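The chain that follows stands alone, in the form deposited in one PDB entry, written as structure tokens.
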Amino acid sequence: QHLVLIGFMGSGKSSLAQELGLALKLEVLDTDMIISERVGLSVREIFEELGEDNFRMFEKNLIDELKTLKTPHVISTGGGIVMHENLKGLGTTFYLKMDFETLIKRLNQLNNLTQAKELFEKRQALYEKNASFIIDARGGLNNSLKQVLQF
């Protein structure tokens, strides 16, 4: 019953979450921002100062915490959130699916993209394992929004 958006950073999750919240009259949460606000450091400062182990532990526990909310929320999530076995059951999960070339274009706001593409294929497989629905993100925000509402 929460509507959880998963996928790569730069796919459009935050913007889609905001629109979804408006369309459905739902409050919107962002897991990276909640963690950042609890610790008082930015996500990058957390990784630098406190280490990824701490970040991942905060993320795992926050997943548990949100499972206790009674009212449905739209939840956007960090790219690594699918590493957690407990993400399953948080809510209905939508993978905002962009092809690699589009995503690299969006992120760009000698072997070069080989490693990026390996990381892409491995993380995409985890997004799909964890998804209730796959949204085709290639048509832009409104087309993604339309899919979610129809689904």
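Position 1 is the first residue in the sequence shown; the rest follow in order. Heads up, when I say rigid core I mean the largest set of C-alphas that superpose within 1.5 Å between the two forms.
Per the record, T68 and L69 are directly connected, with no deposited-sequence residue omitted between them. Of the two segments examined, 43-51 and 86-94, it is 43-51 that shows the higher average Cα temperature factor in the deposited entry. Stretch comparison (110-118 versus 25-33) by mean CA B-factor in the PDB entry places 110-118 on top.
Ranked by C-alpha B-factor against the other modelled residues of its chain, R123 falls in the middle third. Among the modelled residues of its chain, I135 has a C-alpha B-factor that falls in the lowest third according to the deposited record. In the PDB entry, a CA B factor belonging to the highest third of its chain's modelled residues is recorded for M9. Among the modelled residues of the chain, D64 sits in the middle third by CA temperature factor in this PDB entry.
Below, we turn to the form deposited in another entry, even though it does not appear here.
With the two forms fitted on their core, the C-alpha shifts between the shown form and the other one stay under 2 Å for all of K88, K117, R38, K67 except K117.
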